[PDB]
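Okay, here we've got a single chain as structure tokens, the form deposited in one PDB entry, with questions on binding and movement later.
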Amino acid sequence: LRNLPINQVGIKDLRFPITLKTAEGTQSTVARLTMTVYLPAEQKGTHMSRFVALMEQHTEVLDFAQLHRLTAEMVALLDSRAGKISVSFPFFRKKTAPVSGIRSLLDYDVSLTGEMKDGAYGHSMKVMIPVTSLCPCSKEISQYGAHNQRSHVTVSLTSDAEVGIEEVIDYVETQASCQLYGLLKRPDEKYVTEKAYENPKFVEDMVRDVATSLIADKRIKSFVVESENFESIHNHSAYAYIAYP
């Protein structure tokens, strides 16, 4: 009576090396794990060591399948009817060379969750994409030139089916006025202006475009899209988000 069920309990912010397999190759990274389960009213404690125990044992590559695998095994190991694992980490993508084979690397911040309710599995995903946004109402008053600044686009979402980290990166960068590339001389600098100068976007635009994509994709049962446009003109961001449904 006095004691209540605890929605979730376990470890949080355990920093752990993970080798990650996505559909454009395997890569090694450093993740930060949160791992928890439902604890019923009559049980005083969960078992804290078993969460770390699980991760130490499982040196298998982490993909969508392996994340289900761990999460079901977790509820198993700790004798609970529910629980979640989250894995946050930087994710790197190789961008092949638009000039002579000089291809740069770009870093993204990604976070995968896996959840077991009673036997039912559910997964969700969060990905932050840094982009170079350009303003179209700052080119409208100025005869020449415009207000350019770095902007971040986060995309949180839930699906029944597997959805690649990169598919989401791409969903976002497609709409990007111009995305972040690696330093290449004169050649790669000419067409970074013109792509963002004649089609520039606001914080409101960026969320709409990305949302439109996300509505289309029947796998995505729900999402949130945030864009943050760090005004160079003030020490504070322009911000907007959309949730669906």
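Throughout, rigid core stands for the largest set of C-alpha atoms superposing within 1.5 Å between the two forms. All residue numbers refer to positions in the sequence shown, first residue = 1.
Between 92 to 100 and 70 to 78, the higher mean Cα B-factor belongs to 92 to 100.
Higher mean CA temperature factor between 181 to 189 and 206 to 214: 181 to 189, per the PDB entry. The residue among 162, 107, 140, 170 whose C-alpha atom has the highest B-factor in the PDB entry is 140. Comparing the C-alpha B-factors of 63, 198, 42, 56 in the entry, the top value falls on 198. In the deposited entry, the Cα temperature factor of residue 13 places it in the lowest third of its chain's modelled residues. Ranked against the other modelled residues of its chain, the C-alpha B-factor of residue 130 as given in the entry falls in the middle third. Sort the chain's modelled residues by C-alpha temperature factor and residue 153 lands in the middle third, per the entry.
Per the deposited record, the Cα B-factor of residue 226 falls in the lowest third when ranked against the other modelled residues of its chain. Annotation for residue 19: CA B-factor lies in the lowest third of the chain's modelled residues.
FYI, the form deposited in another entry isn't displayed, but the following is about it.
A displacement of less than 2 angstroms separates the C-alpha positions of residue 180 between this form and the one not shown, with the rigid core held in common. Once the cores line up, the CA of residue 98 ends up 2 angstroms or more apart between this form and the one not shown.
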